[PDB]
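Q: Provided hereafter are the protein sequence and its experimental coordinates.
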Amino acid sequence: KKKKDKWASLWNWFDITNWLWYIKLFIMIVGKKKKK
């Protein structure tokens, strides 16, 4: 493999979405625990 590439950046970019995936799930769950 070689640095400097569209795929190489995907590792540094997707890295931010790795945990961000859970966030989207928190936005929903947080609405359930809310209750009346």
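A: Cool, the structure landed. Numbering: from 1, shown residues only.

Q: what helix or strand is residue 20 located in?
A: Element membership for residue 20, per DSSP states H and E: helix 6-34.

Q: and that helix, how far out from the chain middle?
A: In terms of C-alpha atoms, centre = their mean, to the nearest Å, the gap separating the centre of helix 6-34 from the centre of its chain is 2 Å.

Q: can you pull the buried residues of it?
A: By 16 or more other C-beta atoms under 10 Å, helix 6-34 has no buried positions at all. The C-beta positions use only the backbone N, C-alpha and C, and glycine is treated the same way.

Q: what helices and strands are in contact with that helix?
A: Using 3 or more C-beta pairs under 8 Å, 6 or more residues apart in numbering; DSSP states H and E as the contact definition, helix 6-34 packs against no other helix or strand.

Q: hmm, what's the outermost residue in this structure?
A: Most distant residue from the mean C-alpha position of the chain: residue 36, 29.7 Å away (C-alpha atoms, centre = their mean).

Q: got a list of what that one touches?
A: With C-beta atoms under 8 Å, 6 or more residues apart in numbering as the criterion, no residue contacts residue 36.

Q: distance of it relative to residue 29?
A: Distance of residue 36 to residue 29, given as C-beta to C-beta, to the nearest Å: 17 Å.

Q: cool, and residue 18?
A: Here residue 18 is placed at a distance of 19 Å from residue 29 (C-beta to C-beta).

Q: likewise residue 21?
A: Counting by C-beta to C-beta, the gap from residue 21 to residue 29 is 13 Å.

Q: same check on residue 12?
A: From residue 12 over to residue 29 the distance is 29 Å, taken as C-beta to C-beta.

Q: over to residue 2?
A: 42 Å.

Q: repeat that for residue 35.
A: With C-beta to C-beta as the criterion, residue 35 and residue 29 are 12 Å apart.

Q: list residues touching both of the two?
A: Contacts common to residue 35 and residue 29, judged by C-beta under 8 Å, 6+ apart, are absent.

Q: residue contacts, residue 6?
A: Per C-beta under 8 Å, 6+ apart, neighbours of residue 6: none.
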